[PDB]
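Single chain ahead, written as structure tokens, the form deposited in one PDB entry.
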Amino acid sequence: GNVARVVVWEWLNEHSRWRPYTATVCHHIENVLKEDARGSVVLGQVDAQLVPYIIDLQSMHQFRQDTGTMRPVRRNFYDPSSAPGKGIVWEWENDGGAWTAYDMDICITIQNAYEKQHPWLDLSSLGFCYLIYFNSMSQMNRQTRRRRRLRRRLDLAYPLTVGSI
């Protein structure tokens, strides 16, 4: 039998959290992997801001060209009914005015709460002292009460592949 699953490539950050690459980058990574299992993904070819980084598919690590520092990467899978299967992305605004995507597990949970018409979502069970309020469209830190704008966009869907069973 065949089952469909959404591919989300993730890289491990300094806070030990798996961060998603954007859908555009994930399609490029999958295309390189389909050509060669031990290839190198030059992320600068698809996103100028990621010009320092290369994904070494042989070792499954992202490395910075100028420093040699390595970060583990993973070809993760999510359900096709989840946000990345359609291209839905939830993002929060930093002090500088830039928008950052939530970690994929949190993005999926926010979208699931939003479509079930829940007024809010407490992320404390996931290990995050924050509340997402949908009527005001803002995130609030539970301990300090600081608010940040949030938004949803319809970007590109992440790659979707078949798993054989």
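Under this definition, the rigid core comprises the largest set of C-alpha atoms superposing within 1.5 Å between the forms. Note that residue numbering begins at 1 and tracks the sequence as displayed.
Just so it is clear, the following notes concern the form solved in complex with a small molecule, a form of the same protein that is not shown.
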Quick one: in the deposited bound form, does every one of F128, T144 and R148 get a heavy atom within 4.5 Å of the small molecule? yes
The small molecule contact at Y78 in the deposited bound form, heavy atom, 4.5 Å: no
Using the partner position in the deposited bound form, report whether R17 sits within 4.5 Å of the small molecule, counting heavy atoms only. yes
Picking from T100, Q65, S124, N112, which residue has its CA shift by 2 Å or more between the shown form and the other one, once the rigid core of the two forms is superposed? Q65
